[PDB]
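Notes follow the structure.
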Amino acid sequence: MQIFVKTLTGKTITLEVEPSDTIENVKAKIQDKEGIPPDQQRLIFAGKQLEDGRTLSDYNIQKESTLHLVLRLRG
Amino acid sequence: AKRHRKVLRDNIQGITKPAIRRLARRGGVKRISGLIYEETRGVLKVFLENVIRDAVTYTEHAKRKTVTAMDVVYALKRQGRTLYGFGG
Amino acid sequence: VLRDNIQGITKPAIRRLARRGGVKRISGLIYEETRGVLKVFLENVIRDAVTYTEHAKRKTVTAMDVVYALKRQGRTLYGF
Amino acid sequence: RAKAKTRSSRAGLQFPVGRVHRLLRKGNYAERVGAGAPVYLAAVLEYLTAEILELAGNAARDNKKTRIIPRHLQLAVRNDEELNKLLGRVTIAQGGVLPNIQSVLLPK
Amino acid sequence: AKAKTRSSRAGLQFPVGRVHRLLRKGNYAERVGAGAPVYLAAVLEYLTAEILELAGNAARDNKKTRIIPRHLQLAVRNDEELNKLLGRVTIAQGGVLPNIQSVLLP
Amino acid sequence: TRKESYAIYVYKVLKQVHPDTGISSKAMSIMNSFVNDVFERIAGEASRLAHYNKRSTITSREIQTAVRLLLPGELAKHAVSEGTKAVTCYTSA
Amino acid sequence: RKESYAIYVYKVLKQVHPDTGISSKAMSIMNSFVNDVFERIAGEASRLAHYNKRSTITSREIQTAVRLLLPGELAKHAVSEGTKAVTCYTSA
Amino acid sequence: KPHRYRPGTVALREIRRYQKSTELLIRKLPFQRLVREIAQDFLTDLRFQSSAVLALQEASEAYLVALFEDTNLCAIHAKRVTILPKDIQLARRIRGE
Amino acid sequence: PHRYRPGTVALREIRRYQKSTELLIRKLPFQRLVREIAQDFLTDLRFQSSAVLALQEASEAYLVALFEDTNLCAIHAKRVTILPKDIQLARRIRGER
Amino acid sequence: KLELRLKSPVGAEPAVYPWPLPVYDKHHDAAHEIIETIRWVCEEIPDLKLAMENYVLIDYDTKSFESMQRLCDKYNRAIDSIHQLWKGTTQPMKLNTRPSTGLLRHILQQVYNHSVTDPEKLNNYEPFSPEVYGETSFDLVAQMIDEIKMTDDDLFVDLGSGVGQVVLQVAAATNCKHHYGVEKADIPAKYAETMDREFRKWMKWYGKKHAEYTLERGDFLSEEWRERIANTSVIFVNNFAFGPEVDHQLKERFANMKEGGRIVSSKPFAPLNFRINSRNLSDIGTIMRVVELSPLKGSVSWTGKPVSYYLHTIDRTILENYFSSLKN
DNA sequence: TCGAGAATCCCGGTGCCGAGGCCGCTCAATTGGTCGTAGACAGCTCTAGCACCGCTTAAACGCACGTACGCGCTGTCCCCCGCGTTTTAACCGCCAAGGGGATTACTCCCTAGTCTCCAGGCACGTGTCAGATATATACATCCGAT
DNA sequence: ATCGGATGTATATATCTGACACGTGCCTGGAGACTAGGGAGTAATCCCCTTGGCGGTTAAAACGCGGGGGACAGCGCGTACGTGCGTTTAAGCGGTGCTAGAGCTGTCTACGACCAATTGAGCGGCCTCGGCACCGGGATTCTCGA
Ligand SMILES: C[S@@+](CC[C@H](N)C(=O)[O-])C[C@H]1O[C@@H](n2cnc3c(N)ncnc32)[C@H](O)[C@@H]1O
C-alpha cells in the first residue's frame, strides 16, 4: 500500500510498502528514492517518534496516512 | 561609579611627526615628503600587532598575567627577527 | 674534466625564463648578470648538498640530500 | 578478550592515529608523549589536507579534466590568500606561475 | 685519586661538563656521545674569542676601556666574514654603521 | 623492505570530498611531502613550547597553543574548532 | 639559582686584552650570543642525526654541522681548532 | 643679514649627529601607552613588565630603520632624491610581505 | 610580406609560457653545468638523476621569482625594459649581498 | 545628615539621596544626574517645562546644599500643582507606554551607577578563562533590538547575563512573554540581585511598564538547562573569550532548536563562506545561515575598535536542497 | 678666491655608581664500578648510473632593418625646509597598596614498559579507460586602410 | 570610428596508449589488559614588583612665514633591440653494453647509560674605588656671502 511522508520544503514523497515491513526497510526505501542516509532520518507521527526495532503495524498506522520527516545531524 | 577599565583610544598619535623624521634621519635620507607620516604609522601598527598577538599566546600558555621579556624574545624568534640582550 | 660550460644556459632560454615572469623587453646586458646569479646560487646549493652526502660516506648525491640542502636555506622543495 | 577496534574509528577521524603516535614518540620531541595529543594532531593534519584538496579538485573540475595534476595544485594554493602565508616559501614541482600581466605593459 | 676537572685535559677555557649536561637533557638525541661536547666547547670558545677580539679592537680605538654595546655593533658589521652569521640579528642599544649615500653629498 | 607513506589515507579523504576525481602519482608525492612538512613544523614548535615552561609531557594543550601560532589568522579558528570535536568524541567512548 | 656564561667569557677576555673589562649589558649580549650559537649547532646536529637512521650524536655530526652553519671562512679555523681539541682530549 | 643656511644642509648635519649616537629615538611613555592599547584586545587585562616594554621598543625601532634605509635605495633608483609612499610600498612588497 | 609591430610577439609569448608548465632550460647543458660546478669540491661525484631534475626545478623557481621582482623594480623608474641596475637592486633589497 | 527628597510624576514613591555624594571619576557628578533627571522629566511633559522656564533655568550651583534644596522645593510644588491640574478636566498620561531610547539610556546609566559600588572589583577573575567579564554597550543592544523583529511568541534567553543590563534593555524594548538570564560566578550575581531591585523601583518611579524577567543564577552546561535552551526563540551569548572547549558543547546544544530561531554572538559559530559537501555533516554549520551586522562604533567596553556581531538563523532547508541535488 | 659666525673637537676639574674582587657555602661535576647494545666491519647480490653510437630535426645563430623608447634639456610651479615663537605634556623624584609570581610540601592518576594476539596496510599482477596526439574548422585579434 | 586579410587560438571528433583503480597473500606494527613509579595538580604562604597619583622643571612638540631646490611634464634625437629569415648545430630518443657502488645481512668488540660515593668549582652577598658622564672654557673646522 501507498503512504505519504510530508517534509518541510513542500515536497510529498509516496512509497509503496506493506504493514509487516520493518522501519529499517522504509528508511532504506527513502534512501533509495532521495539519497538521504538512514542515520539522519527521524520520522514523527502524532507526537510520537518511531523506534528502530518496531514496525508500522505496532503503531496502528493505516492506509493514506501522512507522516512528517525532519532532518537531524550525524553522530 | 563609572565603568571599569578606563579605555585608551585613538593613540597612534604618540609616534609624532618629528619623531618619525628622526627615525628617518637614522636611515640616511635627506628630504622626507609630506605623505610618509601616514604609511609609517600603518606599518608600525601592523608590526606591533603582529608581535603582540604572539606574545599574548606565549603568555597565555603558562597561565600567568605578566607578559615577561622572555615571551617577547620568543615571539620575535618565531617570526624571523631574533633579539639579543634580554636573556634569550 | 670539463671547463667553460656556463655558456650552455643560452640566450633565448634566458629570454624564455624572463618571459615567464612578465617582462616585455630584455636589454642587452642581462645575459651576463643572470649567468652570474645562477652560478652563485648553484654553488651555494651544491656546497650544502655535497657535505650532506659526504657525511654518510657515500659518493652519490641523491635527491633527498638536495631537498634537505634546500630546506636549510629557506626555499623548501616539495614533490620528493 | 574484547573485539579489537582501532583508535581512528573511536574519534571519527580518517588519518591513522597510531602512526602519528609512533612518530611523536620516536622523533624525540619530548620525554613523554601524552595520550590526548596525537588524536588532535591527526585531526589538524586531516583538516589541512581536506582544505587543500577541495580547492584542488575545484580547479581540476573547472579546467575540463578529472585527474588532479600538480599544475592544479599550484593554481589552487597561490590563488587563495588565506592559504598563501602558510605555504609562503615553497616551490611546487612542475608548478608554473599564476597568469598575471601588469597594467602598464598592455598596449594603448 | 685527586679530583681534576675535564677542562684541564682539554686545554680549553669554556667548561666541558656544562655542555654535556645541556646536550643530554635538551632532547637533541637519545644517547649523547663522549667525544662531542669537547668539540662543541672548542668551537664555542673560538667563536667568542673571534668576536671579542674585534670588539676590544674597536673599543680601544674610541678612547674608552669598557666595552659598551655600540662597540660590539661596530665590531660585527664592520667585518665581512661575520656578517653572514648574525645577518638577521638586531643587537640592543646598537645603532647603525656610519653611512651616507654617494649622491646626497653637496 | 617496506617504506612508510601517507598515500591511501589521502586517497580515502579525497573520496569524501569529491565523488569521482582521482589524483595522479606526482600529486600523491606532493601531498605526501606536504602532510609530512606540516606535521614536522607543528611538532617542532610544540617541542620548544613545552620546553620554555620546564614541563616534560607534550599534552593535548601544547598542540592547541602551537597551532594558533603556526597557521595564519583564519585557518586557526577552524583548526581548533575541529580539534576539540575530535578530542571530545575521543574521550566519551 | 639561575645559570649564566659570565665567568668563562670573563676568563677568555683576559687572553686577548689584559687591561679592559666589559660592562653588564655587553655581558648579557655575549651570554645570549653563545646560547644562540649553541642552540643552532645542536639543532642542526639533531636533524642530521635523523637522516642516517642513527641515534648517537658523536664527534663527527658536530663537525659536519659546523661546516654548514658558519660561513665559508670561519669554518676552516673552527674545524682546525676542534680536531686539535679532541686530539688533545684523547691523549689524556 | 640674519644668518641662514642653504635649504638642504641641516639634514646632512642631522645624519651624522644621529648615526653617531645610540640613544633611543621614539619617546618612551607614548610608546608604552601605544603598546598597552594594542594589547587592550583579548579582553583579559595584561600587565607588561617594563623590561618587555623596552625590549619591544628596541625591536619596533630596529624595524623602521631598515625599512627607511631600504626605501632610500628604492627612491634613489628613480633618479629622485626625496622618498615617497610608492617607494615604501615597493620595499615592503619586494621584501616579501 | 606581413610584419607585426615590435612589441606584440612578446605579449603573446607571455600567455604561451604562463599557460604551460614545462621546463625551460634544456637538459644536457644544465647537467653539464651541475657536474662541472661540483668538481671544485670532493672528486668523482655521481649525481643520481632525480636530484638533477629537482635541482633544475629549484633553479627555475629561483630565476622566475627574481625576474618577476625586478620587473616591478624596473616599472617603478617609469621605464619599461629591465637593466643591470634593477637586478643589482632587487638582489640587495632581498638581503643576499 | 539631610536628604534631597524629590517626587515622582505618577504615583508616590519619592526616591531619596544622602547628601555626601558618591565619588565618581574626575568629570562626573551626581548633580549632573539630578539635573539630567529634571531635564528629562521636563522633556516628558511640556507643562512642567512651562513651569520650569520661568523663575529658574537649567544652570546650577553644585557644592551648595541650599541651591539644590531650592531646585527640589520648586520641583515638588510644580509636580503638586500639576497634580491638582490633573484632577481637573484632563486625563493623565497612559501608563502602558514604553519609553524612548534616550530615557532608556539615562535610566540604565542611572541604575548602573546607583547599584554597583566598587566596579573595580569586577576585574577579579581567573586569567584567560571562561570566567572573564566584558560589558556590551547600550547602543549595539538597541541595534540588536531594531534588527530582528521579535513578535508576541518569543523567548529571550541571555546566556551569560553578566551584571544584566542586556535583559533590562530587552525587557524594556519589546513585548515578549518572558525572559531569562543565567550566570555562574557569584561576584557579578550579587550586584545583579540589587540591579533587579533598583531597576524595578526606578521604572516604577518614571511610570513605564516593561516585560517580565528573572535574573537567575545557575550553570548552563548541566542537564537542567538543555531542554530550556531547546525550547526558546532568540539567544544572546557573548563568547569572545570562551575558547574552543565550551564552544563545541554550545554547538552541540544548539542543534535541537526550533525553526525560525536566532542566535547572536561576538564570535561566529559557523563561518561566513561555509560550503557544504559529504564530509562536514557533523558540524552545526550545515544547517544555519550567517550574516554580519553593521560594525558601528562604541560597540564593546574593553577596546575602542568596533567588532562584528554575526546574526545567525536556523533554517533546515539547505540540507533538504543539498540532498535533493546530490542525484542531479 | 677671502672674512664672520655658528658648530665641533679638545683639555682639565669634579663627583658618582657600576664593575672586580673576596668570602660562605652547596649541589652539580668527577671517579669508579657494572652491563646491555648501537654501530664498525665483512661479505654478499644486483640496481641503476655512465659511456658510446646513430639518426631526425627543433632549436640556437648570424644578420638586415625599421622603430618605439632611453635619455638629456628646458621650463614651470609647488611644496617642504629653517627658524622664530608659543603651548603641553614628557621626565624625574617621591610615596604608597596590594596582587601576582615564585616557592614548598603532599598527594594521585596518567603514562612508560611488557607480553600476547591479529587484521591494516603494503607489494604485486592485471585489466581498462582518461587523455595525448592528430586533423578539420569557426571565431578572435592585429594591422593596414579609410 | 569602420572594414577586409591574414594569422593564431580555441572548439568539435577518432585511435591508441601507458598510468591508474582495484583485488589478492601476507607480514609486523597496532591494540588489549596489567602493573609500577613519578611528574603534574592543587593548596597555602611570602614579598618583590607593577600601578597609581602628584608636583615641579623645561625639552620638545606645535604652528606659522618666506623661498629656494626639486618633482614633473613636454619635446626632440640617436642608439639598441624586436621581428623575421636563411644557415647551422648539438638536443634528444633509442639501443647496447659495462660495473662501481647502494643496499641488506651476520657478528660482536667496544662504547656509553646508570648509580653510589665524594668534594671543589662556581654562585649570591657584601664591599671598595676609579673609569667615566658632566660642565665650562677656549682652540679649530666648516659654511656662506662678497
Ligand atoms: C562577555 S560576558 C557577557 C555579559 C553581558 N551579557 C554582556 O553582553 O555585556 C560573559 C558572561 O558569561 C558568564 N559566564 C562565563 N562562563 C560561564 C559559564 N560557564 N556558566 C555560566 N555563565 C558563564 C560570565 O560571568 C560573564 O559574565
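Protein sequences, first through last, are from chains E, B, V, A, P, C, X, S, G and W. For this note's numbering, add 239 to where a residue sits in the first sequence, where the first one is 1. For this note's numbering, add 17 to where a residue sits in the second sequence, where the first one is 1. For this note's numbering, add 197 to where a residue sits in the third sequence, where the first one is 1. For this note's numbering, add 9 to where a residue sits in the fourth sequence, where the first one is 1. For this note's numbering, add 1292 to where a residue sits in the fifth sequence, where the first one is 1. For the sixth sequence, position 9 (counting from the first letter as 1) is numbered 6 according to this note's numbering, and the numbering increases by one without interruption. For the seventh sequence, position 59 (counting from the first letter as 1) is numbered 50 according to this note's numbering, and the numbering increases by one without interruption. For this note's numbering, add 66 to where a residue sits in the eighth sequence, where the first one is 1. For this note's numbering, add 2 to where a residue sits in the ninth sequence, where the first one is 1. For this note's numbering, add 115 to where a residue sits in the tenth sequence, where the first one is 1. Ideal Cβ positions, reconstructed from N, Cα and C, are used throughout, including at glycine.
In this structure, W:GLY413 has its CB at a distance of at least 7 Å from all heavy atoms of ligand 1. When the Cα atoms are used, W:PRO133 and W:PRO214 turn out to be separated by approximately 28 Å. Closer than 8 Å to the CB of A:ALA65 there is not a single CB belonging to chain V. Using a cutoff of 7 Å, the CB of S:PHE108 does not count as near ligand 1, since none of the ligand's heavy atoms is closer than that.
Within a 10 Å sphere around the beta-carbon of W:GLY400 sit 16 or more other beta-carbons, which makes this residue buried. Buried is the label assigned to S:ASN138, since at least 16 other Cβ atoms lie within 10 Å of its Cβ.
Exclusion of the five residues before and after P:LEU1346 leaves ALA1367 and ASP1371 as the residues of its chain whose Cβ lies within less than 7 Å of its Cβ. With respect to the 8 Å criterion, G:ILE27 and V:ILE243 are not classified as neighbours on the basis of their beta carbons.
The three-state secondary structure of W:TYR295, taken from DSSP, is strand. Secondary structure in the stretch 1340 to 1388 of chain P: the alpha helix (DSSP H) runs of 4 residues or longer, each lying completely within the stretch, are 1361 to 1368 in chain order. Neighbours of X:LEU59 across chain P, judged by C-beta separation under 8 Å, do not exist; the nearest C-beta is about 12 Å away.
Pairing C:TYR87 with A:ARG31 gives a Cβ-Cβ distance that is not under 8 Å.
Within the stretch 2 to 36 of chain C, contact with chain V at the beta-carbon level (separation under 8 Å) is assigned to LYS23, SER26, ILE27, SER30, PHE31 and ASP34. In the DSSP annotation of this structure, E:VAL244 is not part of any alpha helix (DSSP H); the continuous beta strand (DSSP E) holding it starts and ends at 241 to 245. Between A:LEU57 and C:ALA24, the C-beta spacing is not below 8 Å. Among the CB atoms of chain C, none fall inside 8 Å of the CB of V:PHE238. Per DSSP, reduced to three states, the secondary structure at E:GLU255 is strand. Under the three-state reduction of DSSP output, S:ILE149 falls in the strand class.
Using a cutoff of 7 Å, the CB of B:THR57 does not count as near ligand 1, since none of the ligand's heavy atoms is closer than that. Taking 7 Å as the cut-off, one finds no heavy atom of ligand 1 near enough to the beta carbon of W:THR347.
Inter-residue distance for X:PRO9 and A:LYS35 is about 50 Å (C-alpha atoms, whole angstroms). The DSSP assignment places 270 to 274 and 293 to 297 as complete runs of the beta strand (DSSP E) inside the stretch 261 to 340 of chain W, in order along the chain (cut-off: 3 residues).
Under a criterion of Cβ atoms nearer than 9 Å, the residues of chain A adjacent to V:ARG272 are, in order, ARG98, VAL99 and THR100. Residue-level contact by beta carbon fails for B:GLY104 and chain P, as no gap is shorter than 8 Å. E:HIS307 carries a strand assignment under DSSP once its states are collapsed to helix, strand and coil.
For X:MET21, the enclosing alpha helix (DSSP H) covers residues 15 to 39. Between W:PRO129 and W:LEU119 the beta-carbon gap is near 10 Å, outside 8 Å, which marks them as no contact. Remark: the C-beta of W:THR251 is in contact range of ligand 1, defined as less than 7 Å to any heavy atom. Within the stretch 397 to 418 of chain W, the residues whose Cβ lies closer than 7 Å to any Cβ of chain S are, in chain order, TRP417 and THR418. Taking CB atoms only, W:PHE369 has no neighbour in chain E less than 8 Å away. Following the DSSP letters along the chain, one finds X:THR81 inside the alpha helix (DSSP H) bounded by residues 65 to 81. For a cut-off of 8 Å, the C-beta gap from W:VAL379 to W:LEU411 is around 15 Å, too long to register as a contact.
The beta carbon of W:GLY358 sits no closer than 7 Å to any heavy atom of ligand 1. The beta-carbon separation of B:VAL46 and S:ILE149, rounded to 6 Å, stays under the 8 Å limit for a contact. Taken from the Cβ of W:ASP334, at least one heavy atom of ligand 1 lies inside 7 Å. Among the CB atoms of chain P, none fall inside 8 Å of the CB of B:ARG95.
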